[PDB]
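Single-structure report; data block below.
Taken together, the values in this text are just the output of simple stated rules run on the coordinates, not laboratory data. Cβ: placed from backbone, ideal geometry, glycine included. Neighbour counts: every protein chain shown.
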Amino acid sequence: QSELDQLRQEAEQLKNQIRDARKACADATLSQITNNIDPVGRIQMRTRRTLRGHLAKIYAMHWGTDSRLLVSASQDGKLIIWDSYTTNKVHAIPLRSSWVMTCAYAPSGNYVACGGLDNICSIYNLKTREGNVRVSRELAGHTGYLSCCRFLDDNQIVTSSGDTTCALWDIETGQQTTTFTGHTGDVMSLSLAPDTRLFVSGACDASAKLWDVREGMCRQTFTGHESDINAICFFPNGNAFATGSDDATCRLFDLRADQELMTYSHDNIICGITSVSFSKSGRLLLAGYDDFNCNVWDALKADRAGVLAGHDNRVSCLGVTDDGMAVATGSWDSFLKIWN
Amino acid sequence: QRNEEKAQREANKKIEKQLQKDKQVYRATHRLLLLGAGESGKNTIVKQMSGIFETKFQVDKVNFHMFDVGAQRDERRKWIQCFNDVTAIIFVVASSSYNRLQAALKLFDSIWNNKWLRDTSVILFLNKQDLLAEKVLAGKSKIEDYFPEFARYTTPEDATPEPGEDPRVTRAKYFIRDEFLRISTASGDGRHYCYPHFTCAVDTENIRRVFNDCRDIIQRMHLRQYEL
Amino acid sequence: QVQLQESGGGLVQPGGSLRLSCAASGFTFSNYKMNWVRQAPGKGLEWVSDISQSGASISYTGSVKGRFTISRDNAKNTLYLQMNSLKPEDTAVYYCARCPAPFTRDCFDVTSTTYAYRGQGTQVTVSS
Amino acid sequence: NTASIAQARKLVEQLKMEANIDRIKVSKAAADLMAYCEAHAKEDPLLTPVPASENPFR
Amino acid sequence: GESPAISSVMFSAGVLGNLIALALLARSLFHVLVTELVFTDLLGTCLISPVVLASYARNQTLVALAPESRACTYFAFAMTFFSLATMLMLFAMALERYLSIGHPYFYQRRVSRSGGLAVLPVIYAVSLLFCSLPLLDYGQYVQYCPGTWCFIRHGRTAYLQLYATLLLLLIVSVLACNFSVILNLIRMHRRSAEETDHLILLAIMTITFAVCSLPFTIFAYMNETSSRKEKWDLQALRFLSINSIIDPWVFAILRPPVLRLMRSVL
Ligand SMILES: CC(C)(C)c1ccc(CN(Cc2cccc(OCC(=O)O)c2)S(=O)(=O)c2cccnc2)cc1
């Protein structure tokens, strides 16, 4: 149509205007003002622990804010809560559906969420009054599979789904408080900022978006990648973030310059990134890959400075503890390992 | 101190003795993925046996779980990776459709050549043959104009069909089966096999076919432990 | 951004010839297997043809084999489809699609209703 | 036809609304990232090996 | 003067084959079973063969028992115990393969790798029982005409026939399991490569087992006069020994991949 034609023309005109503004705001590369600092040398970690007890591949894993308790979700239908110091299993929740793809820990330590192909994020209470661990809630209302759940507090939770929409739920009531639309592909990962006012989300349309939780609108959009985005993580200060995609490339985007700062890639890498995470200082960027290995990148110099090669199958999840002391890694060979 | 640590060890031992009972049940079950072309006849097959529907059945004291994705989108390059440990993908193809047959062929080619589905075998059910017989005897619906090598194709010598069918039906069925088997014999890495069959809504032998095919899959899986 | 701009369409008498072009930007064109798909009026999306990374492996659907020919220039990042002896049932909207992952031999959802790495397509009309 | 007009409205208004963003130069933001990485390089147990006595995973 | 040539090359080949086979696995239930098998064979070799080697330089065919006064009792005990151990290990491996190819579903749940380490402990237990039965003077050990070895005495006892019939039952069971697995491999090759090369390896294994273990059993049901005078009872045990030598070779070195790539290149 002619209306559709002029709408697409105006959209392209605004796109060109935004690109012009970005190129105007780009004066010096991050790799140009960082060449004066010294490199991190060589980072070589050792496998301190190895948690066994899962039957099938492990999709999710999330540290607790006490930096001691850990949760893992495997495809046999199990949600296991481990004590990471002494290796003892603290809980083992059996799930109603075997296809759990995500799991989360409450920042208070009282609840645990998990969702999957059943389009529901179930909330389990770990502190029942003289009872066992039983399901507290089942947040339903998504149309596609549930890719990520994240707690805001004991009463709010933000979820990503395979129907290209994110949602914000009030656990007490049980209905979607807010719905974040705009993506054109399945939303794969979401990341909360240090303060809980904003959060980023990556989808299968090779784009990432920044949402404000309270208003519910999209602030910024970042389109540096060229394939499906699998992993996303905020910088420790909340002014930048990092993504991993299937084009075998990680990217560090800025929230204030509104464009991509750094690219972490190597020609010898032809596998996609499944998970990314930052250390406590933000100088290290850990990235798990499909070639069964994990690579540590110098987030400022963009040069790889270590490898974590201990898993036999695809590295599915990867998480740094909230105090920066250990790194948990879960793979499709049904083993979580702690590195330090 | 020591009291909390011994309580934690008690809890861990109880959790582990429960996980053993759960592991013994997880190993006696064989999970199957029913992945039809959509409105292709998989509904009849699941009639014979939320976001995902599940059907449990039992053959000769062996337990089978069959999963079918429900409320999902038509894009399946992300939630299909969850089914790489499934022992078999049951792939239903509406053989009467011919362009849905090329769509099913492209789907089968993408599943066969996927990086994570490269060790998973496929039991292929070429359903809806009654309408195919109707259309090939009527001569109003053509396979020639959608598969230009239907002519020039001579029916193979093996696999004598049932005598109650018109030889043209046999020619069409074996043409489609060879169309799938060419992709299946595309060579390369994978360690997986295709077990094609000819079914209908009248059959009641399908669960035993799946049973025997899973038996052969498990046999070939065991046979790999005797190598390197 | 990942941009795929198709051109070359138009109205042509039955038996005529066309050459559709597809210009790509925002990705390494030589790492991806490319597809030509089409949507007919009142019908869904249909897979027409595809070509691999180097260009050695080429495939067409049944109803176009012998008439159309696909090709790719990795030096200029362009995908060409030459259509010969068109028929009245070739009138459709043609899309230039890229399948999502590089270096793979499988392209899953190029024919899905909402697919991100497609184009807007050109209308090819066959009439007299 | 008309079902595309609504989504085109959506996209064009989203672009109009996210085009008016104050974007500082890359220099200042990259310097802020460097300052954060340098001020907290002292508290990163993964960046420097911690003594094996206070390491909980000894 | 009786040359040690037959013992030297045999012991050398046995120990070198066991070491080459152990190196390539020292890095599934079949893995546990193969490592326990090669461990048992090599341990038996090191604990037995130096003893028969010792009475070659310490005597010019004059002092059969030079070392001690009851040493051949130890030799006979070790011989019987280690033969039972190796035969029972081969039986366990054949039974594992048979259940794996013959009854897959049943093998799918009940048999797990964790219970694989327990095979060695119970095999040693039953072997000690059935080999210490005579040591309580229910049987008798005697030194044989070559003087270099000691073994169960013919006559005046019913122990030799029991040992022979137990080994014969184990042999018959191993052969039945191997033939059933061959039948199943042929059937799954006809229903459909690797089946043909598995068949080659399993056929050569069955032949070298049935040719190198039946001589002893047949020569154990004969008169003591024609046995010692004709000097066949020595080869009757040497064949069981070369069976123990060949087993690790075709269980670890000539794996179906190796034979497949060799038949492909040739
Ligand atoms: C337990 C088992 C593995 C079956 C075994 C049994 C017996 C021997 C001793 N052996 C045979 C023997 C018997 C009787 C007399 C004799 O003496 C020979 C002579 O001088 O006539 C030699 S063995 O040849 O040392 C040898 C062969 C293969 C592997 N390991 C050692 C070794 C190993």
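Does A:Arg48 meet the test of being under 30 Å from A:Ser84 (Cβ atoms), of a type in the set (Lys, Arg) and within 7 Å of chain D (Cβ to nearest Cβ)? Steps first, please.
Numbers: under 30 Å from A:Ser84 (Cβ atoms): yes; of a type in the set (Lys, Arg): yes; within 7 Å of chain D (Cβ to nearest Cβ): yes.
Yes; evaluated as a whole, the condition is true for this residue.
Kindly provide the set of residues from the stretch A:142-167 that are within 19 Å of the chain's Cα centre (by Cα), part of a loop (DSSP other than H, G, I, E, B) and away from every other protein chain (no Cβ under 14 Å), ordered by number. Walk me through how you get there before you give the answer.
As a first pass, look at the stretch A:142-167 and keep what is within 19 Å of the chain's Cα centre (by Cα): A:144-153, A:156-167.
Next, only the ones that are part of a loop (DSSP other than H, G, I, E, B) stay: A:144-145, A:152-153, A:162-165.
Result: A:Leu152, A:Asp153.
Go through (1) under 30 Å from E:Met262 (Cβ atoms); (2) within 14 Å of chain B (Cβ to nearest Cβ); (3) not in a loop (DSSP other than H, G, I, E, B) for E:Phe106 and report which single condition fails.
(1) is the only condition that E:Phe106 fails.
Check E:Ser55 against each of (1) hydroxyl-bearing (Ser, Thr, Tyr); (2) exposed (fewer than 15 other Cβ atoms within 10 Å of the Cβ); (3) within 9 Å of the ligand (Cβ to nearest atom) and name the one condition it does not meet.
Among (1) hydroxyl-bearing (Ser, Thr, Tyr); (2) exposed (fewer than 15 other Cβ atoms within 10 Å of the Cβ); (3) within 9 Å of the ligand (Cβ to nearest atom), E:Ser55 violates only (2).
In the stretch B:177-195, is there at least one residue being farther than 29 Å from E:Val258 by Cα, hydrophobic (A, V, I, L, M, F, W, C) and assigned to a loop (DSSP other than H, G, I, E, B)?
no
Identify the single condition in (1) over 30 Å from A:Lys301 (Cα atoms); (2) more than 7 Å from chain D (Cβ to nearest Cβ); (3) surrounded by fewer than 19 Cβ atoms within 10 Å (Cβ to Cβ); (4) out of contact with any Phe, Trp or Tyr (no Cβ under 7 Å at 6 or more places or on another chain) that A:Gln17 does not satisfy, given that it satisfies every other one.
Exception for A:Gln17: condition (2).
Only residues that are farther than 19 Å from C:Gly26 by Cβ and assigned to a loop (DSSP other than H, G, I, E, B): list them for the stretch A:247-259, please. Walk me through it before giving the result.
Here is the first cut: in the stretch A:247-259, the residues farther than 19 Å from C:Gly26 by Cβ are A:254-257.
Result: A:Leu255, A:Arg256, A:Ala257.
Can you name the number of the only condition in (1) surrounded by 14 or more Cβ atoms within 10 Å (Cβ to Cβ); (2) within 12 Å of the ligand (Cβ to nearest atom); (3) under 16 Å from the mean Cα position of the chain (by Cα) that E:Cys72 fails?
All conditions pass for E:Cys72, except number (3).
State which residue is nearest to the other protein chains (Cβ to nearest Cβ) when the search covers only the stretch A:168-189 and only residues that are under 20 Å from B:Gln72 (Cα atoms) and in contact with a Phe, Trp or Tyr (Cβ under 7 Å, 6 or more places away or on another chain). Even if it seems obvious, please write down each step before you answer.
Just the residues of the stretch A:168-189 that are under 20 Å from B:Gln72 (Cα atoms), to begin with: A:176, A:179-189.
Of the ones still in play, those that are also in contact with a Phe, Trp or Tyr (Cβ under 7 Å, 6 or more places away or on another chain) are A:176, A:180.
Values: A:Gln176: 16, A:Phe180: 12 Å.
Looking at the filtered set, the residue picked out is A:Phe180.
With the requirement that a residue be within 13 Å of the ligand (Cβ to nearest atom) and hydrophobic (A, V, I, L, M, F, W, C), what does the stretch E:124-154 give you?
Passing the criteria: E:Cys131, E:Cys145, E:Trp149, E:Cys150, E:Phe151, E:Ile152.
Could you check, for the stretch A:273-285, whether at least one of its residues is of a type in the set (A, V, I, L, M, F, W, C), farther than 14 Å from A:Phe235 by Cα, within 13 Å of another protein chain (Cβ to nearest Cβ) and buried (at least 23 other Cβ atoms within 10 Å of the Cβ)? Write out each step before concluding.
Taking the stretch A:273-285 and keeping what is of a type in the set (A, V, I, L, M, F, W, C), we get A:273, A:276, A:278, A:284-285.
Narrowing the set further to residues that are farther than 14 Å from A:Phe235 by Cα leaves A:273.
When the remaining residues are screened for being within 13 Å of another protein chain (Cβ to nearest Cβ), the result is A:273.
With buried (at least 23 other Cβ atoms within 10 Å of the Cβ) added as a condition, the list becomes A:273.
Checked against the condition, which is being of a type in the set (A, V, I, L, M, F, W, C), farther than 14 Å from A:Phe235 by Cα, within 13 Å of another protein chain (Cβ to nearest Cβ) and buried (at least 23 other Cβ atoms within 10 Å of the Cβ), the stretch A:273-285 yields at least one hit.
Go through the stretch D:20-53 and count every residue that is part of a loop (DSSP other than H, G, I, E, B), under 30 Å from A:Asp20 (Cα atoms) and either facing chain A (nearest Cβ under 7 Å) or among the β-branched types (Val, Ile, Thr) (or both).
Applying the first criterion (part of a loop (DSSP other than H, G, I, E, B)) to the stretch D:20-53 yields D:20-25, D:40, D:44-53.
Still in the running and under 30 Å from A:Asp20 (Cα atoms): D:20-25.
Restricting the remaining residues to those that are either facing chain A (nearest Cβ under 7 Å) or among the β-branched types (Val, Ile, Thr) (or both) gives D:21, D:23-25.
Residues in the stretch D:20-53 being part of a loop (DSSP other than H, G, I, E, B), under 30 Å from A:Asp20 (Cα atoms) and either facing chain A (nearest Cβ under 7 Å) or among the β-branched types (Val, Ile, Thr) (or both): 4 in total.
Go through (1) among the small types (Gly, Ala, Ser); (2) over 25 Å from C:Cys99 (Cα atoms); (3) surrounded by fewer than 21 Cβ atoms within 10 Å (Cβ to Cβ) for B:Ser95 and report which single condition fails.
Just one mismatch for B:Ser95, condition (3).
Residues of the stretch E:216-257 being closer than 28 Å to E:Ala26 by Cβ and more than 24 Å from the chain's Cα centre (by Cα), which ones? Break it down stepwise before answering.
Looking only at the stretch E:216-257, we keep the residues that are closer than 28 Å to E:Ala26 by Cβ, and these are E:240-257.
Answer for the stretch E:216-257, where residues must be closer than 28 Å to E:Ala26 by Cβ and more than 24 Å from the chain's Cα centre (by Cα): just E:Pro257.
Looking only at residues that are outside any helix (DSSP H, G or I) and within 9 Å of the ligand (Cβ to nearest atom) in the stretch E:1-27, which one is farthest from the other protein chains (Cβ to nearest Cβ)?
Looking only at the stretch E:1-27, we keep the residues that are outside any helix (DSSP H, G or I), and these are E:1-4, E:24-27.
When the remaining residues are screened for being within 9 Å of the ligand (Cβ to nearest atom), the result is E:2-4.
Working: E:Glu2: 42, E:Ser3: 41, E:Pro4: 38 Å.
This residue is E:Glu2.
Among residues belonging to the stretch C:98-128 that are assigned to a strand (DSSP E or B) and more than 14 Å from chain A (Cβ to nearest Cβ), point out the one that is farthest from B:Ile80 (Cα to Cα). Don't jump to the end; show me each part of the working.
Step one: filter the stretch C:98-128 for residues assigned to a strand (DSSP E or B), giving C:98, C:122-126.
Add one more test, that the residue is more than 14 Å from chain A (Cβ to nearest Cβ), and what stays is C:124-126.
Numbers: C:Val124: 35, C:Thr125: 38, C:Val126: 39 Å.
Ranking the candidates gives C:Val126 first.
Which of (1) under 23 Å from B:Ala201 (Cα atoms); (2) touching a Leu at 6+ places or on another chain (Cβ under 6 Å) is the odd one out, the single condition B:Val69 does not satisfy?
Failed condition: (2).
So if I check each of E:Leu62, E:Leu88, which one is part of a helix (DSSP H, G or I), more than 10 Å from the ligand (Cβ to nearest atom) and away from chain B (no Cβ under 14 Å)?
Numbers: E:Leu62 fails: part of a helix (DSSP H, G or I).
Of the residues listed, the single one that is part of a helix (DSSP H, G or I), more than 10 Å from the ligand (Cβ to nearest atom) and away from chain B (no Cβ under 14 Å) is E:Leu88.
Can you name every one of the helices (runs of 4 or more DSSP H) wholly within the stretch B:1-120 that holds 2 or more residues which are more than 10 Å from every other protein chain (Cβ to nearest Cβ) and in contact with a helix residue (DSSP H, G or I) (Cβ under 7 Å, 6 or more places away or on another chain)? Before you say what the answer is, go through the steps one by one.
Details: elements: B:3-27, B:42-48, B:100-112.
Per the criteria, B:42-48.
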